[PDB]
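J.: Mind folding the following:
(9 chains)
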Amino acid sequence: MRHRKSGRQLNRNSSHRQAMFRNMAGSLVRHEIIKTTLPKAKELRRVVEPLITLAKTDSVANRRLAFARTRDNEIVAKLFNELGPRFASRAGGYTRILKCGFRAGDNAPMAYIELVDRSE
Amino acid sequence: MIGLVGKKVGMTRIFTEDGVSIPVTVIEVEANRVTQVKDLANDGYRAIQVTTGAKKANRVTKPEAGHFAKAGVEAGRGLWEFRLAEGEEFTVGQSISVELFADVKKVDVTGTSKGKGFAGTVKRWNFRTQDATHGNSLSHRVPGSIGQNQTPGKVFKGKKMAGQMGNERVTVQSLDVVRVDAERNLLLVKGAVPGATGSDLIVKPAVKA
Amino acid sequence: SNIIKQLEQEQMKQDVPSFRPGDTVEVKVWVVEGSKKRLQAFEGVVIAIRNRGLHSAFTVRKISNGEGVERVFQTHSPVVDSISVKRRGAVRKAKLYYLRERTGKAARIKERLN
Amino acid sequence: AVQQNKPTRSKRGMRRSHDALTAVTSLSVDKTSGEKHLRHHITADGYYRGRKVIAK
Amino acid sequence: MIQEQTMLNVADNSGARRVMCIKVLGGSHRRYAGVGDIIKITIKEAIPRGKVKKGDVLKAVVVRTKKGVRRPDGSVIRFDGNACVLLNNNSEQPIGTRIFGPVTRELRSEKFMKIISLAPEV
RNA sequence: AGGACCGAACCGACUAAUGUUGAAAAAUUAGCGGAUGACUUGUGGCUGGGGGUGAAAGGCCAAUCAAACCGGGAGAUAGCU
RNA sequence: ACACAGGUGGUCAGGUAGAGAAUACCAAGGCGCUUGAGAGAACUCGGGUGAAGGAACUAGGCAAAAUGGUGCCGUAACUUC
RNA sequence: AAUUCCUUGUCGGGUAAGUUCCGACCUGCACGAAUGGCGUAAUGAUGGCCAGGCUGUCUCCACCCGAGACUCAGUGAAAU
RNA sequence: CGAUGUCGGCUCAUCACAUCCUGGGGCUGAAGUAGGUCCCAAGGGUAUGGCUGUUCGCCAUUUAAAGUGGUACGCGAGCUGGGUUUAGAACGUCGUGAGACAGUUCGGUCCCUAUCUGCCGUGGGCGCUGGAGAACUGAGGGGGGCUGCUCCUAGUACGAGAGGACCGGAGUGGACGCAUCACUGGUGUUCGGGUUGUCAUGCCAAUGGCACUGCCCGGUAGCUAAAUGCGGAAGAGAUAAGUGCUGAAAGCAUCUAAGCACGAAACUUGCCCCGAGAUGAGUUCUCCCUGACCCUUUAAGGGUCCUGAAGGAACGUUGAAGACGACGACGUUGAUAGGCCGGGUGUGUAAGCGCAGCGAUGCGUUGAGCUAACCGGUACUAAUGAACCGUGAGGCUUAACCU
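T.: Numbering: from 1, shown residues only, chains lettered A, B, ... in the order given. The protein structure is shown below:
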C-alpha cells in the first residue's frame, strides 16, 4: 500500500534491476539516445540526471562516485573529462522523455529518451 | 451551532512546569467569510454557508459558477452548511470570527482519518486470528469465521467481516482549546485529531465537556 | 512550509551548549514536585546527539560506580533547569549507545584534542 | 467442481456491458507530414504542433 | 513485562536467590504488573538460613525492572535487571528490612516511612 | 590398523514444507541418518507362479499378488440389482 | 509417452584460506535458464529484524532461535576399565 | 511393571497445584526362570520426566523485502 | 449405508429464558452488617492454571459477575490429528489354531483450481416522468449499553452496646475498542559508518561486486504499537413490574372499572455513522434548452430539415486516491510529476595532501565528506484540438397572471 512512498517500484527484482539500469546508463552516455518501455524510460531519469550533474563538476575526488558503475575506457575517456561542458547552460534539462506508442501486434507501451546535446 | 473550516498542519506539545506535556494538534482556520444565510423566506430553518478559500475558476462549471456569482467565483474547499439558531446574521461577508474559542474551551471537531486503501479484514474489527503454527490454509489474517455449517446456508448482513476503515468521516468530542488567534487563524486543541498534515478539519463549540 | 517553526520559537531554549556523546554536563531539575520544588542534579554521560533543535530528548547514562542506569531528560522542558559542559569526550558514532553493553577497554571515550 | 446449469445469454452481455470503449473518432492531420497521427503522438517528420520533437 | 513465569532476584535482606512470578490476577484480564503493584510469587532457590525456604507461595511487589518506569513529562527511566520484594501476608510491609539497588520515585506512594526514607538519591 | 568420530563422492530417510488432473502412477527443497563395511556399485549369468527370492513385509517377482502377467475353457455363475 | 521440476556407463579438477572432490570468492570456460509488458492492493507462498517477559504455549520447546573451529588449562556419576 | 480390571490403587519425593514422572508395596483375579527370569556402560533419528542456554512457541503481534494475487497483448483449457 | 466424516484442541457467531451480575418489588426463622428465598425484568459484560487426548473430574486460585438451554448436543470446500478405529511389534486377556481385544503402548496419513444462492467493498446503469449539477430534511438502517476499589457524605442511620449502611458527591484504576506521530519503542535492502575473506577496475591508491540484505551498528522518509489519548452520558414519550389516590359491581372493602398522577438497564428517543430504491423519490437552490416544416382532420400517428445548450465520456503530468474503476489536484489562464538552484536531512572527520614512526599505524589539514523519501523557488523537461455522448420548453387538471 502506498501511504506516501514517492515514485515507482519498477519491475524486476532489485538484484537484476539495479545491474541492468547501471549497465543501461552506460549505454545512454555511450549512444546518447535509448529506446525501451515507457515505465523504464521514465525511470532512466532516476539517479542519471544527478549523475550528469556529477560528471559535469571538476571538484576533488568526485571520481569516487559511480566508480564501480563506469569502467570502460570508451566512456571513461569522456565522463569527468569532456561531457560536463555539453550539459551546463540549461539549468538541468539534460534529457527529454517521449511516448512511442505500442509494440507491433503487442500492447507493451514503448518510449524514447534523448540527451539534448546529441550531435554525433 | 456554527462550524469553522480549517486544516491540520501537525503536532506540538505545549509544555508545563507541572510535569505534563500536553500534546496539541496544530490547526490553521480559514477566513469563513459567509456567502448565504437561510430564512427570510424559504427553507423554514435558519442555517449558514461559509465559503472556504479559493480555487481555479477557469475551470468550474456553470451549475456551480451561478451558485458562487453572488460573491465572485472563488468557492475553495466548499460551502459547508450548518444550523444557526435565532441569530440575526446577514447573508454575505458576515465573516464569522474564531475568537469565540477563547471564551468556550469545549469543542467538537470533524475530519477524515488515515488513508489506508485496503481497510483490512482484521484491522476493521481487530479480531483474534486462527493459529499460524502447525498448519492454517490461506487464512492466517482474517477475523475468524463468517458463518457455520450446516443449517443456516447464508452469511448475514451485519456479520463482523470485511467493511471499510481509513479515510472515514470521523468526529472527536472531548477536545479542549489551548489557543486561538483570529489574525493568524491559528488554533491549538489538546490531544490527537484524526488525519495528517494538510487534512481538512471543521470545528464547532461542543454542547458538553 | 509550516508554522511548527513559528511554534518552536516560543518553546526553544537559547541558553543551550554544543554537545556530543561522552560529554559531561551535570543536568539540573526541580524533581517534578509541584509544592516546594527542590533543585536536584543528575551526574552521568551523554548518550544523545538530538539531531535537530527542539526535538532534543537528551539521553544520559548514570554510570556512578562505573556502570548502570539510563534516563531521558528533555532539556527544552520547563521541568529542567540547566546543563553546562564540565568535560568533553570524543566519538566516532552518532549517539554511542553501546555504552549500555561495553565498558573500559572497549569504551574508553577519550578527549582526542581535535 | 460444480455448475448448476449452462449460463444465460444475458450473462455475457452483463460482463461485456461497454460498446467500443470510446468514441473511436477519426485520426489527426498535421502539415509537417503526409500521413495522419494519433492525438499526442509524433509525425513521420519528427514534429508535433509545428515544433521538432526529434531529429533524424 | 513482569508476567507469568518471570524470574527475579530479591532486593531485600536475607531473601531467596531466585523467585518466580506465578500470577498477577485480579482482572478483568490483568496481563502484567508495573513497579509497586501486587503479584503472587514462588521460591525456586532459597539458600535457607532461617527465613526463606523452597516450595512456598507468597505475595510480592517489583522494585526494579529492565523495562523501567514512565509517567511525568513524557520521561522514561530504565534499569539493568529485574528485582522483587516479598510482603507479609497478614501483618503488612516487606518480610525483611531494606531495599537494594537504585530505587525509584514510583515507590514513594507506599504506606510506610521506612521505604520512602532513602540514602539513594531518588 | 579399525563392523570407531568429522565429512565431499556414494548410500539412505528423523522432521517441516512442496507435489499426487504433479514436471513425474516417487520427484523437490531445508536441517540431514550412514559413509573400508554384515558397504556400495558398473556389467553379465543363474533361480518362475501354489513356484521363486527374502537378516522373511501376504514384502519383492517390470504401476499389478489371500496366487501377478497374457490367452483359452468363456457368451463362467447370479432364486439378485 | 512430452522441446518433461528428473535420470543415464567412463573421465578430468588451477589460485587464496584449508588436509580439502569442506565451505568462500574466482581462473580456464560457459551461461543470463524457451511468452512478453504493465503494475505493486489487503492477502498467500517464503526469507530477514524485533521492546520487555520466557515455555507460561503445545498431545509433544513441536517448530523457530541459539550452539558450531583448533590448541592449551581443566573435567564428575557410572563403566564390560 | 510395555502386565493391575476396580484403581489418578495407597503413600513418600518432584510443582503453587502432578491421571504422567521418580522410589516403594507383595494385594501378580493373570510375571516367572532359553515361549528364559535378574542387571549395568559407551550408545539409539527410542517413549516419558527435571532444569539451564537460546527463543514471536506464547503474551499483543508490528515492520521490511523476492514470487504469485491484480491488469494487459499472444496461445488458451476442464471436471460440471 | 448408491458417502449427510467422528472425540479433544479453537477464530467466529445467534436465539430462548427455568436470570450469573446490575435494574425493581415482596417476604424472612431480616435488629444493624451479612446471608437465605420468591416474581419481575434480556440491555450489555459472564476469569486463569497442575495431571490428562481430555469434554470432564479432582487439586490450586480470581471476579461486580464469571448462569442455563436451543441452533444436525452451531463451528474438517475451517485449521490441528494428541484421543478413537486397521496396515509393524510386544505386555496383559481370549483359543489347539486361523485370529480377536468398549485393556495398554512405541506410530500414523487430514484432498479442493469459486459455477451459483450468501456477505464486504468498488464502479457502470435505471427512476423524480425535458436535461444537467447538487443540497436540506428523515420514512428508516446500523453502532453503543459493561465495571472495581477508595475517600467524603458517615462511626451518621441501626443498635444497651459491640459491630456497622442508603441516596448523593468525589478520587483513582482494569479490560475493550478507536485515533494519532508532539511523546516513547520496534522496524526501516532506496542512505552514512565499523569490518573479515576474496575477486575486480591493466597496474597500485581508492571504490565497488560476491559470501543471510556477507556480518556488525545507526537512521531521515514511512509504517505501527506496547507509546500518547478518548468514550457508551444527561434530558424526554409511552408502558410492564411496582408505588398510589379517588371509587363501583358487593351501601362495606378494593389501584381500575369510569376518573387522576407516576414509573426499567427492555421499548420509543437522544448520541454517533449511513440514510428519499421513503419508486411514499418530500422540499429547495444553481445551470441550460423558449426550433419548425411537410403529410391525412390528423388531435391519432409518421417522416424530415433548420440548429445545438448546460453538462458528460476521452488524451495527459499523476496523488496524502487506489484491487481495477472511481475520487482528487494540475495541463503555459502551468509548480501536477521530475531535474536544477537554494535547502531540510541522518551519519560521524572523505579523497588527495603533509608529517612522524624501522613498520604496523597514528597524527594535522578534517565540525570533515556524503545522501533518497521533506520544503520553497525556478518553466530547465513534459502535460493538442476537432470529433463523440447529451438538446430545441417536455402527460393531465383547477383557480389565476400575461398573451
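J.: From the opening residue of stretch A:104-111 to its closing one, how far?
T.: Criterion C-alpha to C-alpha, to the nearest Å; first-to-last residue distance in stretch A:104-111 is 13 Å.
J.: Is it positioned near RNA strand I?
T.: No. Between stretch A:104-111 and RNA strand I, judged by C-beta under 7 Å from any atom of the strand, nothing touches; the nearest distance is 8.0 Å. The way it works is simple: take the backbone N, C-alpha and C, and place the C-beta from them, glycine included.
J.: buried sites along that stretch?
T.: A:110-111 (16 or more other C-beta atoms under 10 Å in any protein chain shown).
J.: hmm, that stretch in reach of RNA strand H?
T.: Yes. Applying C-beta under 7 Å from any atom of the strand, one finds stretch A:104-111 touching RNA strand H at A:105-107.
J.: Save those residues as TSV, and put in secondary structure and distance to residue C:44 too.
T.: Converted to TSV, the residues of stretch A:104-111 next to RNA strand H look like this (DSSP: H, G, I helix; E, B strand; the rest coil; distance: C-beta to C-beta, whole Å):
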residue	secondary structure	distance to residue C:44
A:105	coil	73
A:106	coil	68
A:107	coil	66
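J.: Pipe those into a markdown table and attach distance to RNA strand G per row.
T.: Shown next, in a markdown table, are the residues of stretch A:104-111 next to RNA strand H (distance: C-beta to the nearest atom of the strand, whole Å):
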| residue | distance to RNA strand G |
| --- | --- |
| A:105 | 11 |
| A:106 | 7 |
| A:107 | 6 |
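J.: in chain C, which spans are strands?
T.: Counting by DSSP state E, one finds strands in chain C at the ranges C:27-29, C:40-42, C:45-46, C:59-61, C:70-72.
J.: Using neighbour counts, pick out the buried residues of the first one.
T.: The one in question is strand C:27-29. By 16+ other C-beta under 10 Å, the buried positions in strand C:27-29 come out as C:27, C:29.
J.: if we can go back for a sec, would you list the strands of chain C in CSV and tack on distance to chain E?
T.: Below are the strands of chain C laid out as CSV (distance: least, C-beta to the nearest C-beta, whole Å):
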stretch, distance to chain E
strand C:27-29, 9
strand C:40-42, 8
strand C:45-46, 15
strand C:59-61, 9
strand C:70-72, 4
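J.: Quick one: those as TSV, columns for distance to residue B:112 too.
T.: Converted to TSV, the strands of chain C look like this (distance: least, C-beta to C-beta, whole Å):
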stretch	distance to residue B:112
strand C:27-29	41
strand C:40-42	44
strand C:45-46	42
strand C:59-61	37
strand C:70-72	34
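J.: Could you count how many residues lie near residue 76?
T.: As the question left the chain open, I've gone with chain A. By the criterion of other C-beta atoms under 10 Å in any protein chain shown, residue A:76 has 14 neighbours.
J.: sorry, should have said chain C
T.: When neighbours are counted by other C-beta under 10 Å, residue C:76 registers 19.
J.: Can you name the residues that contact the residue at the greatest distance from the centre of chain E?
T.: The centre of chain E is farthest from one residue, residue E:73, which by C-alpha atoms, centre = their mean lies 25.0 Å away. By C-beta atoms under 8 Å, 6 or more residues apart in numbering or on different chains, the contact list for residue E:73 reads B:16, B:19-21, C:32, C:74, C:77, C:79.
J.: Just give me the closest of those residues to RNA strand G.
T.: Minimum distance to RNA strand G across the contacts of residue E:73 is 19.6 Å, recorded for residue C:74 (C-beta to the nearest atom of the strand).
J.: May I have the residues that are in contact with that closest one?
T.: With C-beta under 8 Å, 6+ apart, residue C:74 has these contacts: C:56-58, C:80, E:73-75.
J.: Could you list the contact residues of chain E toward RNA strand I?
T.: By C-beta under 7 Å from any atom of the strand, the part of chain E that sits against RNA strand I consists of E:23, E:25-31, E:40, E:70-71, E:74, E:76.
J.: ok so, going back, so for residue B:151, which of the strands of chain C sits nearest?
T.: Relative to residue B:151, the nearest member of these by C-beta to C-beta is strand C:70-72, separated by 59.6 Å.
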